[PDB]
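Undergrad: Take this structure, written in structure tokens, and hold onto it; I'll ask about it next.
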Amino acid sequence: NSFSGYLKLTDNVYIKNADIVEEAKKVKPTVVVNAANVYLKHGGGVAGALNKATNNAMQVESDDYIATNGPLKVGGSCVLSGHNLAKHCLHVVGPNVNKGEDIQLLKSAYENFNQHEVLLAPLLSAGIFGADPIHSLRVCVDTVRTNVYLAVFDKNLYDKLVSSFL
Ligand SMILES: O=C(O)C1=C(c2ccc3cnccc3c2)CCC1
């Protein structure tokens, strides 16, 4: 959990303009959060990048979880192996507001982070899920009470987040 170059936003939320895959390889955190979908099909965005960094080991494992347990619900999570990126991967489903999923479930999605003392994570429901990433940061800040180190890939997005927060 050797995080470096993070800007402290609140007592428990830190942010960095970084590739979450590279942060996971450097830090080897106890928990890396995946911005997952209900079937754990890691086809793009952070999910695609984390799965690609495990050479598809995350996807094989996720398919077996789904065969045995069925899909997650929107706002829910499951803990699986972190493979070579972390001890554990907490897969969390935020709402896809572009598919009419309720934004109220973004709070429920972030509540899953509270079962873990320290996490390396992306912002939830950003990108293709369609939520406003600055709103997603506000929900994170209001909801997460454990220590969360957020990695943001896009410098343009990172600068907008840091400008709006501090
Ligand atoms: O910074 C992020 O968490 C976001 C995105 C993203 C996309 C593609 C990535 C590819 N490799 C690593 C991280 C990536 C993150 C898209 C929406 C917000």
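Note on naming: chains are A, B, ... as they come in the structure tokens, residues start from 1 per chain, ligands start from 1 in the order shown.
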Which chains and residue numbers are within 8 Å of ligand 1, counting only C-alpha atoms and all ligand atoms, if I want them as a PyMOL selection string?
TA: chain A and resi 18-21+44-46+48-50+121-128+133+151-154+157
Undergrad: Rank A:35, A:40, A:119, A:79 by their smallest atom-to-atom distance to residue 150 in chain A, using only C-alpha atoms, and report the top residue only.
TA: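 Among the listed residues, the smallest separation from residue 150 in chain A belongs to A:119.
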Undergrad: May I ask which of the residues A:53, A:103, A:58, A:86 is the closest one to residue 131 in chain A, counting only C-alpha atoms?
TA: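 Nearest candidate to residue 131 in chain A out of A:53, A:103, A:58, A:86: A:103.
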Undergrad: Would you compute the distance between CA of residue 67 in chain A and CA of residue 89 in chain A? Give it in Å to one decimal.
TA: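 Those two atoms sit 18.2 Å apart.
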